[PDB]
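Quick heads-up: it's one chain on its own, the form deposited without the DNA, in structure tokens.
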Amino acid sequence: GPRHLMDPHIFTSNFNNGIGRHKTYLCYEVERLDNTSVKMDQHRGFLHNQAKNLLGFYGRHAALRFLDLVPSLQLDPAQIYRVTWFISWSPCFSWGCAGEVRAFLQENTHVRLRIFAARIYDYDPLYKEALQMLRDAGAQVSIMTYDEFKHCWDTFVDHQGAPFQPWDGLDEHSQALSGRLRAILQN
């Protein structure tokens, strides 16, 4: 696996819970659950969606791009793993994102998915149904807070000593988005 650190400006421009970009970024961490966990820092990495090419292929969403990644991880079917996502947008439904993830968790039962969204993709009419199907699939869906933002900065960004610097209204956007998710997940 080739190493590549995410640049500070690309991280901040994409994971700002006030800025909405036409790109989805997906920082992922794999770890094995035992009696304690076993952190597989070997398997850290991130993804974005694939750029479309109208002149003809509409690109591939980051969620699906992680599902293409799973065999490379060579997970033990006997053992159980917890996959952690720090995804830029909450996975959609109108496109086969929430659907394929549901099928994956259903088939590969040895995987627990923990998703941290920076912001909610409400530009998809069925964004509510997306988060709900993920919840039914057994995933932990929640909103990124300062802790999760500082983590990805320390873990995935070429910071070079520079500490994580919170943008204006980071906490307010978190709390606001937490309430919306709390309403969507309220059955």
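Residues that one form lacks are left out of the comparison. Under this definition, the rigid core comprises the largest set of C-alpha atoms superposing within 1.5 Å between the forms. In case it trips you up, residue 1 is the first one in the sequence shown, and so on.
The following text describes the form deposited with the DNA bound, which does not appear among the structures shown.
Contact check for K39: every heavy atom lies farther than 4.5 Å from the DNA in the bound PDB entry.
In the bound PDB entry, at least one heavy atom of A51 sits within 4.5 Å of the DNA. Put simply, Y123 is close to the DNA in the bound PDB entry: some heavy atom of it is within 4.5 Å. Heavy atoms of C92 reach within 4.5 Å of the DNA in the bound PDB entry, making it an interface residue. This chain is displayed without the DNA, yet in the bound PDB entry the stretch 43 to 51 from 66 to 74, 149 to 157, 135 to 143, 43 to 51 comes within 4.5 Å of it by heavy atoms. Where the rigid core is used as the reference frame, a consecutive stretch of 3+ residues with C-alpha displacements of 2 Å or more between the shown form and the other one occurs only at 56 to 58.
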